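Q: Got a structure here, written out as structure tokens. Questions coming.
Read-outs: derived from the displayed coordinates by stated rules, not from any lab. Cβ placement follows ideal geometry from the backbone for every residue including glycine, while neighbour counts extend to all protein chains displayed.
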Amino acid sequence: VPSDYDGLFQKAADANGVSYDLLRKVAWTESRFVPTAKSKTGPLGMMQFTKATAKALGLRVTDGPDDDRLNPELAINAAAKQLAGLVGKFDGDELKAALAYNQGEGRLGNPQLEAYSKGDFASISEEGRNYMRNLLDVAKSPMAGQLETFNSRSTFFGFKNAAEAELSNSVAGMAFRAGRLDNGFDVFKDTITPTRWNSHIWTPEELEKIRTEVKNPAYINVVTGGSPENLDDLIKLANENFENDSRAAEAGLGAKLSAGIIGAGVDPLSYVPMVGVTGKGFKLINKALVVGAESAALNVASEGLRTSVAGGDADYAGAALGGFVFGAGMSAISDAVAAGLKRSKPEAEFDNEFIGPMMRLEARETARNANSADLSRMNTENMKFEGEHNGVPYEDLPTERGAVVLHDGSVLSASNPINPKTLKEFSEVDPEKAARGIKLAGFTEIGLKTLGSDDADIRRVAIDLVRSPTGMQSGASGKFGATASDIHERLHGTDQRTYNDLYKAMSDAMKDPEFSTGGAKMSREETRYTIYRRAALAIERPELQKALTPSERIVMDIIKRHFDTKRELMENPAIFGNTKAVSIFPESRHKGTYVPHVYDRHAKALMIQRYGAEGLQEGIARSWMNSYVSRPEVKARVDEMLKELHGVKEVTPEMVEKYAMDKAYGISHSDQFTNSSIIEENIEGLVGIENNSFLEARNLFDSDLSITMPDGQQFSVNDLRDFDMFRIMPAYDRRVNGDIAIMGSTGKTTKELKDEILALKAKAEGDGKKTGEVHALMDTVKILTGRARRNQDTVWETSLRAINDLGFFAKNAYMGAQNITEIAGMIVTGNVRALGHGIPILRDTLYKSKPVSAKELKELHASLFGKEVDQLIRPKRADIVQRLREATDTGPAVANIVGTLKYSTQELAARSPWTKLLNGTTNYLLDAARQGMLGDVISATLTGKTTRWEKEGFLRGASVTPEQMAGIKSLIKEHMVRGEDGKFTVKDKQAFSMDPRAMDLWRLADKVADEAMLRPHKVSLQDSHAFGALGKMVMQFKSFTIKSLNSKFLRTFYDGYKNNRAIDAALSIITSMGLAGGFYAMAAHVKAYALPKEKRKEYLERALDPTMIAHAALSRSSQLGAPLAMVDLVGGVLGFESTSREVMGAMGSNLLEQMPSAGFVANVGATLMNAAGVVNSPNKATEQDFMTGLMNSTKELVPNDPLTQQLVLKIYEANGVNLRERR
Amino acid sequence: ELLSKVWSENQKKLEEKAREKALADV
């Protein structure tokens, strides 16, 4: 069926909004898919028109071949514009538009159009009537029935066609004879119609009006009844709705559910969409389940929830209400599905899998709010426990699958991310993803090994770096300094606190109307990038700060304070114990906040595609010189540095030009200052521990001013830089904290310590014991400098340890942490069940324990390799990918070449309704579909087969020339190895990513993915046939999305309130979790084949079950637009994975504390620690820090809105659930 | 329109057949 022009038709339909099927079938009839068609009349083209249409309205502004030749993209786009104009001009009647297009208009057209208008199909010409008839299916018209009155239909009963046509007078014959299959369902035309207030991106004046006059901007998103005519009415309606809902909450659903969600048997499925409800007046005190009830808390700890961010107990309440609604509804869903299945097989008990956790969650929350007697706690008598994952004992319950019970009787269900049994088993059976990590050694073990004895030097370095917890030496005056370990722990703690501060500030910033209310301007990660970039630019140029909204102002203040503190610690690393510690900071006397200079790999790649190497270097140098000549402060500091460097009283401009060129060479001809996470991933040799990249990227110029390149287009060094403080601030912190620790503990730099340790190794090369000690010391240096790599799994194990500690001491925080973790587990397990039911490939092959086919294994190898290659070659900056996707549209190109007014990309961008409406699900599906396309293209190229995307039209959809595609083929052949089995490997990894053709490969895959897989509004089985394992998975996910949008609840909800934002949130959460689970399943099947034959069945059964797939989903969900990473908010210290005299010593020591943190009450919303606060901070993380980190980290997994929980629940209900089996 | 025409034609055929049956029984 496809004929190489499908992407062109799809884009020409999204732009100039018109039916894709209409344009495609017009191509069918007119030309039967040939670009130049020989016609006796004379018209020659894809759409077969010379006539006057051609010049017409289309050109005469550009050099046009026209009547002779037409560019196929231009021809299709112009014809699509004409058809859209006709369709609109004829109201929505596509058949009259098709008649006008085929028969023309005026000379013979208008009489036939009028004849159409009065019924009168007899007056319409025979050819036009046949043309309309062959367009009947794809075209929608009020006149379709009248034309029908003026066959490959699936048989209702009996034999096909004749049996039901010539006969079957009985009803079924009538139903068949009146059928008329449509084949014309458009999800955004029929199901989700873009309203006026969706898709409408605010102007600055509208944005300011909304910011000033709208109390809660989320009420802008709902459009109940008729659409308000003007923004003032929308604002009025939003405010009235907000006041009404705030008033209603006092007796609303929160208050009604505050007593007995599941003790009362509340069924959330029979519920109105509960839009206004934000969990608020929701304190679940179930009367009964409150046996004992002290009004006074036992300690000053406990009392309330110990979170330290403002708005706590309220976002927690929203998460709790959403989780209770979801869990009760999922229990109801499971019971109903069990009843439906018992109809078929009465002798099958099935398992609820939700009502146990939900009952215990109600009991815990009830006791938490009532302060006493958790009734969910089990009777621990006759329990031997035994079995410790991280020193936490547990008993497996035979009654509940997985679901261990803790020391106090607290029972953690399976799929609870923190329970020790699931964590342990996930560690034992984890698909390829298990790595070296930090399992080598920890600070406590290295202290015992190296502070132990045998050398004066080894012990000297150990005393400087590592601290002994308990030692036989017990040095009375071992060191009056911090030591590198303590500095590292202190810096980790302060960084974590400021990360939670930044997370809260960024959430508030990116909830503002610019990104949340109107039509979706940008993806979530792109809003995050824009806000971080605004903060960074305002930091560098303070005049931009008046342009920040108060929330972005808070964000910028947090980031500025963090970077100022880091600079202060590098400049004065003697602020710790060591007095001979001096200024690890690269270039002092440059007095200003240093936001790290890190340059995008792909920005440099683009600036090398033109102006290859010397061009980009000259551009960087010349922009720096623009800064130098423009601003006298830059000139002053650069002149001072050059005078000091060359020892000359005067500086000639040749000197500063040479300096700028030498510094720009480091960016242009080296990848040291780029993202380059992969080279840091390598650990051997201690080569990269020297030469911190963040500090060497420092220069005295300003990257702000732009220089025009030889083609006249403007480039500034800021265009290269990577903002977003999501990969940038954490990595900068890792490196600089390592450097600060090394200098504050040892007077020496990282380089000097590296050389001295290598000298010790070379000296004691003979002794095995000494060699092991030196290797432990090297491991300490790797941990300090951040080489390490803790992995994702430290999050849940750290949470388990901290929650155990809370259970010992802070009861209310303990129970709240259990509640939030249980809610996360139920969310993810419900997702696993529903999507295992719904998506076909998942249940049929990947969620099943049975091993897959050999061809299926090859497809899985291709898919996982495609994901890996995407990770290597994907542009990290969200701006780069958004502009790359938008710019390739015809509108931007035509405006850039012909237009006299500048316009802007993202203003002329066509944009799929999938992006405008339902943006988050769209981004997840683009990412996964592009990875699938990469895998398919690579596998086909290495195999030698020709992809469907090698064809000219889909290449024209991207900017892929004939030549570029051949270059892509050569690149894949050059850097990729075809394994003996389906296994795929890369050669040199780094060199492959450095190839310029890698960007062409990525662009090809991404644009093909968009055009073919995600852009169309229709999903079909034939569509799923073409793609590979990942492609089929994500097409079935897109089909699942469309099914959900057509579900009764979701359809009714959109009719009542519109509010595509809520549906987008729900479907994006579902898609994230499901793709995580699917990737886990594919990697598990691959690892199973990695095992020998007898072990494959046991391993697949053990590693492919709802608990482990659910734990993978929580661990590896993407969370694309998340401010900071979930590891950063809660992450253990790298080195720190794990009688009364020392007690009394610690007591008498802390008896004296008089730092301002102890004296003063903590700030509400922003610590804003300076160097004094960092130095005076404890190394151990306080329970407030852990608890706020847990709440922030689960804010991504566990949504705060009860409405999105209800929407996810109803999507699952319409989908169905597996229900386990037997026990 | 299509439903009306289909049901009308079907009803004509059914009434024809029923009339034949009734006249046969008489």
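Q: Could you state, as a whole-number percent, how many of the C-alpha pairs of the range A:87-215 are farther apart than 26 Å? Walk me through the numbers on the way to the answer.
A: Values: 4014 of 8256 pairs.
Of the Cα pairs, 49 percent sit more than 26 Å apart.
Q: So, one more: Please arrange A:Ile235, A:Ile355, A:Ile823 by counting, for each residue, the other beta carbons lying within 10 Å of its beta carbon, fewest first.
A: On the way: A:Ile235 21, A:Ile355 17, A:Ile823 26.
Least to most surrounded, the residues fall as A:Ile355, A:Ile235, A:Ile823.
Q: Further question: Sum -39500 (n - 2.57) across every DSSP H segment of at least 4 residues in the protein assembly as shown, then divide by the residue count to get the 222 nm mean residue ellipticity, nearest 500. Walk me through the intermediate numbers first.
A: Numbers: 54 runs with 686 residues, N = 1249.
About -17500 deg cm²/dmol.
Q: Continuing with this model, one more query. On average, how much area does the Cα convex hull of the range A:597-691 cover when viewed from any direction, in nm²? Show your work: numbers first, answer last.
A: Values: hull surface 30.5 nm².
It is 7.6 nm².
Q: Which whole-number percent of Cα pairs in chain A have a distance greater than 54 Å?
A: Tail of the P(r) past 54 Å holds 26 percent of the pairs.
Q: Along the range A:807-817, what does the Karplus equation 6.51 cos²θ - 1.76 cosθ + 1.60 (θ = phi - 60°) give for ³J(HN,Hα), rounded to whole Hz, x for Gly and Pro?
A: x, 5, 10, 9, 5, 5, 4, 4, 5, x, 5
Q: If you filter the range A:92-140 for trypsin sites (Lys or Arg not before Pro), then keep DSSP loop positions with at most 15 other Cβ within 10 Å, what is left?
A: Details: sites: A:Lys96, A:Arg107, A:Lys118, A:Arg129, A:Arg133, A:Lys140; in loops: A:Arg107, A:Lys118, A:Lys140.
Passing both the DSSP loop test and the Cβ count: A:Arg107, A:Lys118.
Q: Okay, next question. Looking at the protein assembly as shown only, what percent of DSSP beta bridges run antiparallel? Nearest 5 please. Walk me through the numbers on the way to the answer.
A: Values: 13 of 14 bridges.
Restricted to the protein assembly as shown, the bridges split so that about 95 percent are antiparallel.
Q: Rounded, prolate or oblate, given the Cα gyration tensor of the range A:488-617, with a/c below 1.5 counting as rounded?
A: Details: a/c = 2.17, a/b = 1.23, b/c = 1.77.
Note, shape of the range A:488-617 comes out oblate.
Q: Hey, which of these cross-link pairs are over 21 Å Cα-Cα: A:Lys89/A:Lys916; A:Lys770/A:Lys1180; A:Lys649/A:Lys748; A:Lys867/A:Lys989; A:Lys160/A:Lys1048; A:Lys521/A:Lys1032? Mind showing how you got there, number by number?
A: On the way: A:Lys89/A:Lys916 25 Å; A:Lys770/A:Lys1180 31 Å; A:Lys649/A:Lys748 32 Å; A:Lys867/A:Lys989 14 Å; A:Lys160/A:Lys1048 33 Å; A:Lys521/A:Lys1032 29 Å.
Cα-Cα > 21 Å for A:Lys89/A:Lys916; A:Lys770/A:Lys1180; A:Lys649/A:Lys748; A:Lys160/A:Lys1048; A:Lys521/A:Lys1032; rest within.
Q: Within straight cross-link reach of A:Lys280, meaning Cα distance under 25 Å, which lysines are found once same-chain residues fewer than 8 apart are removed?
A: In chain and number order, the partners are A:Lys215, A:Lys236, A:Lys256, A:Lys504, A:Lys511, A:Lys811, A:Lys1058, A:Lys1195, A:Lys1210.
Q: What order do you get for A:77-86, A:295-304, A:1190-1199 when each peptide is scored by the mean count of other beta carbon atoms within 10 Å, highest first? Show your work: numbers first, answer last.
A: Details: A:77-86: 21.7, A:295-304: 12.0, A:1190-1199: 25.3.
Output ranking for A:77-86, A:295-304, A:1190-1199: A:1190-1199, A:77-86, A:295-304.
Q: Also: Answer with one residue from A:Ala1090, A:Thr195, A:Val26: the one whose Cα lies farthest towards the positive end of the charge dipole of the protein assembly as shown, charges on Cβ with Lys, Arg +1 and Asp, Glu -1.
A: Value: A:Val26.
Q: Further question on the same structure: One quarter of the convex hull surface, Cα atoms only: what value does that give for the range A:161-266 in nm²?
A: Numbers: hull surface 54.6 nm².
About 13.6 nm², averaged over all directions.
Q: If we count every other residue with Cβ under 13 angstrom of A:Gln672's Cβ, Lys/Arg +1 and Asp/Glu -1, where does the sum land?
A: On the way: positive: A:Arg601, A:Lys604, A:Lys663, A:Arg698, A:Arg735; negative: A:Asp671, A:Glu680, A:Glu690, A:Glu696.
Charge balance near A:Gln672 sits at +1.
Q: Starting at the first residue of the range A:1162-1177, write each ³J(HN,Hα) from the Karplus equation 6.51 cos²θ - 1.76 cosθ + 1.60 with θ = phi - 60°, in whole Hz, x for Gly and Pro.
A: 5, 5, 8, x, 7, 5, 6, 5, 9, 4, 4, x, 5, 5, 7, 6
Q: In addition: Give the separation of the Cα centroids, the range A:79-113 to the range A:511-539, in Å.
A: 42 Å
Q: While we're on this one: Can you give the Rg to Rh ratio for the range A:725-822, taking only C-alpha atoms and Rh from Kirkwood?
A: On the way: Rg = 19.3 Å, Rh = 16.6 Å.
Ratio value, two decimals: 1.17.
Q: Run the dipole for the range A:95-175 about the Cα centre, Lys and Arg Cβ at +1, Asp and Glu Cβ at -1, nothing else charged, and hand back the magnitude in debye, nearest 20. Walk me through the numbers on the way to the answer.
A: Values: 8 positive and 9 negative charges, 32 e Å.
With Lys and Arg at +1 and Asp and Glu at -1, about 160 debye.
Q: With point charges of +1 on the Cβ of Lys and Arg and -1 on the Cβ of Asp and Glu, referenced to the Cα centre of the range A:394-464, which listed residue (A:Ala462, A:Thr444, A:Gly402) lies farthest in the positive direction of the dipole?
A: Farthest towards the positive pole: A:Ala462.
Q: Additional query: Residues with amide H under 5 Å of A:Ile707's amide H, sequence separation 5 or more or different chain, H placed in the peptide plane at 1.01 Å from N; which?
A: Under 5 Å from the amide H of A:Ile707: A:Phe715, A:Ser716.
Q: Using a 10 Å cut-off on Cβ to Cβ distances, tally the other chain neighbours for every residue of B:4-13 and report the average as a whole number.
A: Working: counts 3, 5, 8, 4, 0, 3, 8, 2, 1, 3.
If you average over the peptide's residues, the count of other-chain Cβ atoms is 4.
Q: Let me ask another. Check cross-link reach from A:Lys560 to the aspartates and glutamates: straight Cα distance under 14 Å, and skip same-chain residues fewer than eight apart.
A: Answer for A:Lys560, where 14 Å is the Cα cut-off: A:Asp495, A:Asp501, A:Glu540, A:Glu552, A:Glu568, A:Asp724, A:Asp733, listed by chain and number.
Q: Sticking with this structure for a sec: Kindly write out, for the range A:668-673 in residue order, the coupling ³J(HN,Hα) from the Karplus curve 6.51 cos²θ - 1.76 cosθ + 1.60 (θ = phi - 60°), rounded to whole Hz, with x marking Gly and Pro.
A: Going residue by residue, I get 6, 10, 9, 9, 5, 9 Hz, with x marking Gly and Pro.
Q: Subtract the Cα-Cα distance of A:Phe157 and A:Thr985 from 0.36 nm times their separation in residues, and report this length gain in nm to one decimal. Spell out each step's value before the answer.
A: Numbers: separation 828, 0.36 × 828 = 298.08 nm, distance 5.32 nm.
Between A:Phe157 and A:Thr985, full extension yields 292.8 nm more.
Q: Need the list of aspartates and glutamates near A:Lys643 for cross-linking: C-alpha distance under 17 angstrom, and skip anything on the same chain fewer than eight residues off.
A: A:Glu587, A:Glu633, A:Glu654, A:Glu657, A:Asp662
Q: Also, quick follow-up: What ranking of A:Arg1116, A:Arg601 emerges when the number of other C-beta atoms within 10 Å of each C-beta is taken as an exposure proxy, fewest first? Spell out each step's value before the answer.
A: Working: A:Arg1116 17, A:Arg601 24.
Placing the least packed residue first, the sequence is A:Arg1116, A:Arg601.
Q: Let me ask something else about it. Rank these for me by crowding, A:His597, A:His646, going from fewest to most other beta carbons within 10 Å.
A: Listing A:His597, A:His646 from fewest to most nearby Cβ atoms yields A:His646, A:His597.
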